[PDB]
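Structure below is upload-v1.txt: compact mmCIF, C-alpha atoms.
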# COMPACT_ATOMS: atom_id res chain seq x y z
CA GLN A 1 -154.83 -55.63 -48.60
CA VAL A 2 -158.20 -56.99 -47.47
CA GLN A 3 -158.10 -60.85 -47.53
CA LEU A 4 -160.99 -63.33 -47.03
CA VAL A 5 -160.15 -67.03 -47.09
CA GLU A 6 -162.83 -69.63 -46.81
CA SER A 7 -162.50 -73.13 -45.53
CA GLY A 8 -164.65 -75.98 -44.29
CA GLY A 9 -167.68 -77.14 -46.21
CA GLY A 10 -167.36 -79.98 -48.69
CA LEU A 11 -169.24 -83.24 -49.20
CA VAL A 12 -171.95 -84.44 -46.80
CA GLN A 13 -174.90 -86.93 -46.89
CA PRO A 14 -178.47 -85.56 -46.90
CA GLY A 15 -179.48 -84.63 -43.36
CA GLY A 16 -175.91 -84.10 -42.22
CA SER A 17 -174.04 -81.05 -40.94
CA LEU A 18 -171.14 -78.89 -42.20
CA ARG A 19 -169.48 -75.72 -40.97
CA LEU A 20 -167.94 -73.02 -43.17
CA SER A 21 -165.23 -70.66 -41.98
CA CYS A 22 -163.98 -67.36 -43.37
CA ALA A 23 -160.68 -65.96 -42.06
CA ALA A 24 -160.36 -62.20 -42.52
CA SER A 25 -157.34 -59.93 -42.46
CA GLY A 26 -156.22 -56.52 -43.62
CA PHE A 27 -158.98 -54.50 -41.92
CA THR A 28 -160.61 -53.90 -38.54
CA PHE A 29 -162.85 -56.97 -38.60
CA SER A 30 -165.47 -55.85 -36.04
CA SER A 31 -166.01 -52.56 -37.94
CA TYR A 32 -167.69 -54.38 -40.82
CA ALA A 33 -170.86 -56.35 -41.39
CA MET A 34 -170.23 -59.75 -43.00
CA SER A 35 -172.41 -62.00 -45.13
CA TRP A 36 -172.61 -65.45 -46.78
CA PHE A 37 -173.98 -66.01 -50.30
CA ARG A 38 -174.37 -69.05 -52.44
CA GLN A 39 -174.48 -69.84 -56.11
CA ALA A 40 -175.96 -73.09 -57.41
CA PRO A 41 -175.41 -74.29 -61.01
CA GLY A 42 -177.37 -72.19 -63.54
CA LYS A 43 -178.73 -69.86 -60.84
CA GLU A 44 -177.81 -66.36 -59.70
CA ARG A 45 -175.79 -65.83 -56.50
CA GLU A 46 -178.17 -65.29 -53.56
CA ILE A 47 -177.81 -64.16 -49.93
CA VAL A 48 -177.90 -66.81 -47.23
CA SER A 49 -177.13 -64.90 -44.02
CA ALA A 50 -175.55 -61.73 -42.67
CA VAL A 51 -174.23 -60.33 -39.39
CA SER A 52 -173.45 -56.89 -38.00
CA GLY A 53 -169.95 -55.83 -37.03
CA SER A 54 -170.53 -56.55 -33.30
CA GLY A 55 -172.50 -59.76 -34.00
CA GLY A 56 -175.56 -58.18 -32.34
CA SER A 57 -177.85 -58.42 -35.32
CA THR A 58 -178.27 -61.19 -37.84
CA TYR A 59 -180.27 -62.00 -40.95
CA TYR A 60 -181.25 -65.35 -42.56
CA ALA A 61 -182.89 -66.11 -45.86
CA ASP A 62 -186.23 -67.88 -45.33
CA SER A 63 -184.92 -71.08 -47.03
CA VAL A 64 -182.24 -71.59 -44.35
CA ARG A 65 -183.85 -70.31 -41.16
CA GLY A 66 -183.45 -72.65 -38.23
CA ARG A 67 -180.98 -74.87 -40.10
CA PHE A 68 -178.15 -72.33 -40.53
CA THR A 69 -176.38 -70.20 -37.86
CA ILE A 70 -174.05 -67.32 -38.63
CA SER A 71 -171.55 -66.15 -36.06
CA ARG A 72 -168.24 -64.39 -35.76
CA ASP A 73 -165.25 -64.28 -33.43
CA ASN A 74 -164.09 -60.69 -33.14
CA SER A 75 -160.78 -61.61 -31.51
CA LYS A 76 -159.84 -64.35 -34.07
CA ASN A 77 -161.24 -62.36 -37.01
CA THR A 78 -163.21 -65.34 -38.28
CA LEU A 79 -166.74 -65.64 -39.67
CA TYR A 80 -168.66 -68.96 -39.50
CA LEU A 81 -171.72 -70.61 -40.92
CA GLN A 82 -172.97 -73.70 -39.14
CA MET A 83 -175.30 -75.75 -41.33
CA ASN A 84 -177.51 -78.55 -40.01
CA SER A 85 -180.11 -80.76 -41.75
CA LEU A 86 -178.53 -80.12 -45.12
CA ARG A 87 -180.53 -80.99 -48.23
CA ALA A 88 -179.79 -81.34 -51.97
CA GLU A 89 -181.21 -77.84 -52.55
CA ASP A 90 -178.33 -76.44 -50.48
CA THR A 91 -175.61 -77.69 -52.89
CA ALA A 92 -173.71 -74.67 -54.18
CA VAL A 93 -170.52 -72.70 -54.08
CA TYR A 94 -170.65 -70.58 -50.92
CA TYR A 95 -168.95 -67.17 -50.61
CA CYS A 96 -168.27 -64.87 -47.70
CA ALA A 97 -168.30 -61.14 -48.22
CA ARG A 98 -167.29 -58.07 -46.28
CA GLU A 99 -170.02 -55.49 -46.54
CA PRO A 100 -168.55 -52.03 -47.18
CA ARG A 101 -168.44 -48.96 -44.98
CA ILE A 102 -171.80 -47.18 -44.82
CA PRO A 103 -173.33 -46.03 -47.09
CA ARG A 104 -171.48 -47.62 -49.99
CA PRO A 105 -173.37 -49.97 -52.30
CA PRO A 106 -172.67 -53.73 -52.84
CA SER A 107 -170.19 -53.06 -55.65
CA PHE A 108 -167.77 -52.24 -52.81
CA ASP A 109 -168.08 -55.76 -51.29
CA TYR A 110 -164.88 -57.82 -50.91
CA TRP A 111 -165.44 -61.49 -51.62
CA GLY A 112 -163.85 -64.71 -50.42
CA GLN A 113 -162.77 -67.21 -53.09
CA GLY A 114 -165.82 -69.44 -52.76
CA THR A 115 -166.01 -73.02 -51.55
CA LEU A 116 -168.07 -76.07 -52.47
CA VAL A 117 -170.86 -77.55 -50.41
CA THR A 118 -172.22 -80.65 -52.04
CA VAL A 119 -174.99 -82.71 -50.47
CA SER A 120 -175.25 -86.17 -52.02
CA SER A 121 -176.38 -89.75 -51.35
Have the structure of the file written as structure tokens, please.
Amino acid sequence: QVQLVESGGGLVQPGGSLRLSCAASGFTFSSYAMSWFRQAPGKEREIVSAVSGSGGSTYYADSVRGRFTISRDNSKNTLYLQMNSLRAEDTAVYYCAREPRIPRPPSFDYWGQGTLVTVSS
């Protein structure tokens, strides 16, 4: 079975840094694109960043460019999001997802459990 387990994140002061991790198993990791989404209270879930199977191509939402870095380790089967200069607007539950085999639509995503990032004084 495909498994995606998130860790890291948590509580940080404004301006500080956090890293999220997503440990994948049950599939050939490097065969799949991976993404990070977030959902803030009373808002829809929204994409944050994504990365190709090989790691050769990446995508960032405009709101996080320069502050967030996606990466993956294709030997350890782990996905990361490094977040710097965090602000209150970044508080949310963050999810990793495995993007499906081409050309399946997003309903075929597998999702991690979600983990809190909370930026407060």
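The smallest atom-to-atom distance between residue 5 in chain A and any of A:45, A:87, A:38, A:98, using all atoms listed in the file, is found for A:98.
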Within 10 Å of file point (-171.6, -62.8, -46.6), counting all atoms listed in the file, expressed as a VMD selection string: chain A and resid 22 33 to 38 46 to 51 70 79 to 81 94 to 99 109 to 112
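Comparing the minimum interatomic distances between residue 91 in chain A and each of A:68, A:39, A:121, A:17, counting all atoms listed in the file, we find that A:39 sits nearest.
As for CA of residue 119 in chain A and CA of residue 3 in chain A, they are spaced 27.8 Å apart.
Using all atoms listed in the file, the smallest distance between any of A:100, A:42, A:10, A:15 and residue 29 in chain A comes from A:100.
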Contact residues around residue 102 in chain A with only C-alpha atoms at 12 Å, ignoring same-chain residues under 6 positions, as a VMD selection string: chain A and resid 31 to 33 52 to 53 108 to 109
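Across the structure, CA of residue 78 in chain A and CA of residue 23 in chain A are spaced 4.6 Å apart.
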Pairwise distance for CA of residue 83 in chain A and CA of residue 30 in chain A, rounded to one decimal in Å: 22.8 Å
If you take every atom of range 20-33 of chain A that the file lists and fit an axis-aligned box around them with 6 Å extra on each side, what centre and edge lengths come out in Å to one decimal, as JSON?
{"center_x": -163.5, "center_y": -62.8, "center_z": -39.8, "size_x": 26.6, "size_y": 32.5, "size_z": 19.6}
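When only C-alpha atoms are used to compute distances to residue 84 in chain A, the closest of the residues A:117, A:18, A:12, A:61 turns out to be A:18.
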